[PDB]
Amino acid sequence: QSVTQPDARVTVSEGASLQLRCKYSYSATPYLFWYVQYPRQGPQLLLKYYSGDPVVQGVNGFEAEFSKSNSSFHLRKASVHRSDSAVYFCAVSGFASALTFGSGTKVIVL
């Protein structure tokens, strides 16, 4: 139905931890995804959550935590690199399994 990324832009130092926020509002069962998009490229999967352990490990040092109570799926990385500068999208699975995307959060690592 819908996902909301409250922070449109985040700036962090190289080597700092990263925390990206996502909130969903979906009556049905929430299938959640985090994608990354680099310049001149398409979205690439980072990780997903279907059920079970609410903490899921993903590609390239990312992990996320599902919280039914807060309707959130926050993304995290402990030590960001300059190469992590990109746009991050939170997504929820809908009709016919089409993904509905958030507006995205641009990450800048100085």
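Note that residue numbering follows the sequence shown and begins at 1.
Note on 89-97 vs 18-26: mean CA B-factor is higher in 18-26. Comparing the C-alpha B-factors of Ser71, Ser79, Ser83, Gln37 in the entry, the top value falls on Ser71. For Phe33, the recorded CA B-factor ranks within the lowest third of the chain. Only modelled residues enter the ranking. Sort the modelled residues of the chain by CA B factor and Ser67 lands in the highest third.
Among the modelled residues of its chain, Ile108 has a C-alpha B-factor that falls in the middle third according to the deposited record.
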